[PDB]
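Visitor: PDB entry and its sequence, pasted below:
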Amino acid sequence: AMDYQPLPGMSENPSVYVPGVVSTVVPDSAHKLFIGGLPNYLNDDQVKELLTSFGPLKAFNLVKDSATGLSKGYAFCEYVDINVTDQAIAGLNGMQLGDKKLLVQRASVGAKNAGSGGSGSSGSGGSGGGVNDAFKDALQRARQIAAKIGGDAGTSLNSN
């Protein structure tokens, strides 16, 4: 048994009462983050602990292979805190966990992803001050939870 059922009338919880928490399909918006270069053995739930560390997440849609059923190495997610997007992406881009680092860029409804030529400018500064640079705490958290799960060999859904 590996599922979450809330108790109707007994605690509404902070933000876990919803079974299937964080939408598995992320509605196309400008606060949609694209994470590329992530381990194929990490899916939405497992990557949540890395991404949600910076702010509250609303939806998480990993690119999953339809052939055999594993992560394709990329994911799309959106912060409910639309403001946190700019800070989180600035802190999470280049997130280096062990020997693998993720490329976190903006999907923006299939805009261009980081621009890379005109469409990726006007942001070369004014990031220091608002970004909480605790990627150390996020790293430790993520890597220890990844180890806790055993690299997709268990669960960390402690919802009781």
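Guide: Received the coordinates, thanks. Numbers count the residues shown, from 1 in each chain.

Visitor: in this structure, which spans are helices?
Guide: For the chain, the helices defined by DSSP state H cover 44-51, 84-92, 135-149.

Visitor: could the ones you listed go into JSON lines alongside mean neighbour count and distance to residue 106?
Guide: For the C-beta atoms, the positions are set from N, CA and C on the backbone; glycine is no exception. Listed next are the helices of the chain as JSON lines, based on neighbours: other C-beta atoms under 10 Å; distance: least, C-beta to C-beta, whole Å:
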{"stretch": "helix 44-51", "mean neighbour count": "20", "distance to residue 106": "14"}
{"stretch": "helix 84-92", "mean neighbour count": "20", "distance to residue 106": "7"}
{"stretch": "helix 135-149", "mean neighbour count": "15", "distance to residue 106": "18"}
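
Visitor: those strands in this structure, which residues are they?
Guide: 32-36, 57-64, 71-79, 95-97, 100-106 (DSSP state E).

Visitor: So which of the ones you listed is nearest residue 145?
Guide: strand 95-97 (10.5 Å; C-beta to C-beta).
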